[PDB]
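Below you'll find only one chain, the form solved without the named molecule, shown as structure tokens.
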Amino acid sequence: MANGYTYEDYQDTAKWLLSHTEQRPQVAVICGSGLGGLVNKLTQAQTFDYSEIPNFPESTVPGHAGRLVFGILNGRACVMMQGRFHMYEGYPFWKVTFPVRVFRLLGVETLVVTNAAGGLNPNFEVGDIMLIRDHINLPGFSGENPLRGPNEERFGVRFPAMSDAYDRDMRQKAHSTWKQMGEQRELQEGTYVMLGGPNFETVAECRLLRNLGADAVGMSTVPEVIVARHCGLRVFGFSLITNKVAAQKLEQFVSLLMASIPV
């Protein structure tokens, strides 16, 4: 589906935000299912319901508060999406990813994505935290892509590379930080595969996905990462393994990682 937002639309929203808060975050965090508590660590917090922000889509899924919260996390200025958007809600990817481009226009340089996923790797257990090393974009194979349509050169190039999407340096930082935390369970890492949803997978589908090389499965994140890389944002993320085919722990982990982010 071709994008319906104009560059000016993104700019209008960014301007509105800049004129409503003194906060100037360099980092943006998208909180997935059951990860909304991450905004509780914020100091000097300022909240905006998605409904009050011009052009913003709305979270219709339970567990997704639908609020944009600016604040200081571990001495770092951040902006968090307390809840996100999903294709299964009826949103084309250009709407699901709208905030990512707005963040770039606010001066954000790093995007942290989080989600709740089903574990396909047999070595994963419920409660595991998997650093996303790579992804498999199934909807993208059929053309469902947030970048579909005329390319906005002011954001990025026509054919963006995706092989280096998840920042290697941050991957290293995450592991070092996990060790400083003294966690008994090792920090997992792997490939996240996105499918449309909303129904849960069949066994045949799960076997298929695992054999495709996927370690975790979900219905989000990938489109946001694609748009982030297209506009030049540094990206890193984690999947909270909510079941085998921790949230508070991940929030703590992300808070410590703020200190490791460059700039």
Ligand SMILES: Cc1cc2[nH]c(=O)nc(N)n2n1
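Just so we're on the same page, rigid core means the largest C-alpha set that superposes within 1.5 Å between forms. All residue numbers refer to positions in the sequence shown, first residue = 1.
Superposing on the core and measuring CA offsets in 5 other deposited structures of this protein, the stretch of 51-59 and 220-228 with the greater mean deviation is 51-59. Greater average departure of CA atoms from the shown form, over structures and residues in 5 other deposited structures of this protein after a core fit, characterises 33-41 among 33-41 and 233-241. Gaps at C206 occur in none of the other compared entries of the protein that contain both adjacent residues, all of which model it rather than a third dropping it.
For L68, the record comparison shows coordinates present in all the other entries of this protein that model its neighbours, with no third of them leaving it out.
Where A14 is followed by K15 in the displayed chain, the model omits none of the deposited residues that would sit between the two. Looking at mean Cα B-factors across 219-227 and 60-68, the upper value is held by 60-68. When 93-101 is weighed against 147-155, 147-155 comes out higher, by mean CA B-factor as recorded in the entry.
Note on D167, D134, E109, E183: the highest value goes to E183, judged by CA B factor as recorded. Remark: of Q82, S142, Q172, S163, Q172 shows the highest value [criterion: C-alpha B-factor in the PDB entry]. In the PDB entry, a CA B factor belonging to the highest third of its chain's modelled residues is recorded for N211. Residue-level temperature factors show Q46 in the middle third of its chain, judged at the C-alpha atom. Remark: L38 belongs to the highest third of its chain, ranked by C-alpha B-factor as recorded.
Among the modelled residues of the chain, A116 sits in the lowest third by CA temperature factor in this PDB entry.
Residue-level temperature factors show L138 in the lowest third of its chain, judged at the C-alpha atom.
Keep in mind that the form solved in complex with the named molecule is not shown, yet the notes after this line are about it.
When contacts are judged by a 4.5 Å heavy atom cut-off, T242 counts as touching the named molecule in the bound PDB entry. Using a 4.5 angstroms threshold between heavy atoms, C231 stays clear of the named molecule in the bound PDB entry.
Within 4.5 Å of any heavy atom of the named molecule in the bound PDB entry lies no heavy atom of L187. By the criterion of a heavy atom within 4.5 Å, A117 is counted among the residues contacting the named molecule in the bound PDB entry. Of the candidate stretches 66-74, 36-44, 49-57, 215-223, only 215-223 has residues with heavy atoms within 4.5 Å of the named molecule in the bound PDB entry.
Contact annotation for 171-202: residues with any non-hydrogen atom within 4.5 angstroms of the named molecule in the bound PDB entry are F200, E201, listed in sequence order.
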